[PDB]
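Listed next as structure tokens is one chain, alone, in the form deposited in one PDB entry.
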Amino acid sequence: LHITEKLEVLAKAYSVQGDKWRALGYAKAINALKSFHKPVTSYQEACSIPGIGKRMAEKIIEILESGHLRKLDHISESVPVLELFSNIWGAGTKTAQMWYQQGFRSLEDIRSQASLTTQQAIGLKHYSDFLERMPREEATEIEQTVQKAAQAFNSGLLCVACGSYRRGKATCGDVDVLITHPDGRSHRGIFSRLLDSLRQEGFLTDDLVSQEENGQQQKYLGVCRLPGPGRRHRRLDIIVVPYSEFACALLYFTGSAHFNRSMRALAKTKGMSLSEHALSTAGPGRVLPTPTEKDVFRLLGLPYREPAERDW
């Protein structure tokens, strides 16, 4: 806390206005300022911290000394509105800035005047719902609904809830279901059947991303709702992967996002490349053998981590 509470509003201001690299820098400086054993008190001290350069140091000496940070006085008043628009699924910083330039200030303005993509229209229709977390118990019910429908046309299908669910969180922003088949081939063409089964029973309410004319579809992003009173619309993400990519896909879909980024960053320093598909060597490199998550960790020179230890 302290200096960090002021750096954070700045970091978010930069993020929502699209300065993602500078926001990134603020993020990492804030982390470093979160785990330093002591209240920094000197320019020299701050600078000695990995993640904190001269500039960020300049701004720390200004905080606990004058109590203020003049930079916060220069945050565009547009920022709260950019964040409002930005929270619409399918609208990012470019779209929000454009709406704002065109004079849009409220979701009512958006509803009545903006031209919305199909995704943004669904995003708007479920604005509040997409901003809530569900109890992990609800994520379980949702994943089982998907699994039960999948196992209907092929009981061999492996279905696994990933993301914050697999990391053990008490609540989940949505449900991430990884689907594969141990025989290494029966995963092909399952999306059509699965999705239609799920539509058939009124489980799926909206589709956000779903290239079903592509026999090579990898992902489904959309919306579902369990039956009964007091149910909310929930975001559901499904990926279907070849068994050969199981460990990398599992690792990717388990996150956290910051964890994946860090791990891929490490692979690169070691002459590798890590994706949801595989871990390979840096033109056509070599695909490395990764039958299990542990294999990816080992090859990177790391101690294995339980999903819950990946909650970065």
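Position 1 is the first residue in the sequence shown; the rest follow in order.
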Please classify the unmodelled stretch of the deposited sequence between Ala282 and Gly283: none, 1 to 3, 4 to 9, or 10 or more residues.
10 or more
Hey, which bit's got the bigger mean C-alpha B factor in the entry, 239-247 or 36-44?
36-44
Report the stretch with the higher mean CA temperature factor, choosing between 46-54 and 271-279 on the basis of the entry.
46-54
Quick one: which of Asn214, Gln120, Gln144, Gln97 has the biggest Cα B-factor according to the entry?
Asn214
Out of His233, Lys125, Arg167, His187, which one has a C-alpha B factor higher than all the others in the entry?
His187
Third of the chain's Cα B-factor distribution that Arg133 belongs to, per the entry
lowest
Third of the chain's Cα B-factor distribution that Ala23 belongs to, per the entry
middle
Lowest, middle or highest third of the chain for the C-alpha temperature factor of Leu10?
highest
Relative to the other modelled residues of the same chain, rank the CA B-factor of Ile75 and answer lowest, middle or highest third.
highest
Assert third(CA B-factor, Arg111) within chain per record equals middle
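Beyond the structure shown, there is the form deposited in another entry, which is absent from this document and is the topic of what follows.
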Rigid-part membership shared by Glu309 and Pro182 between the shown form and the other one
yes
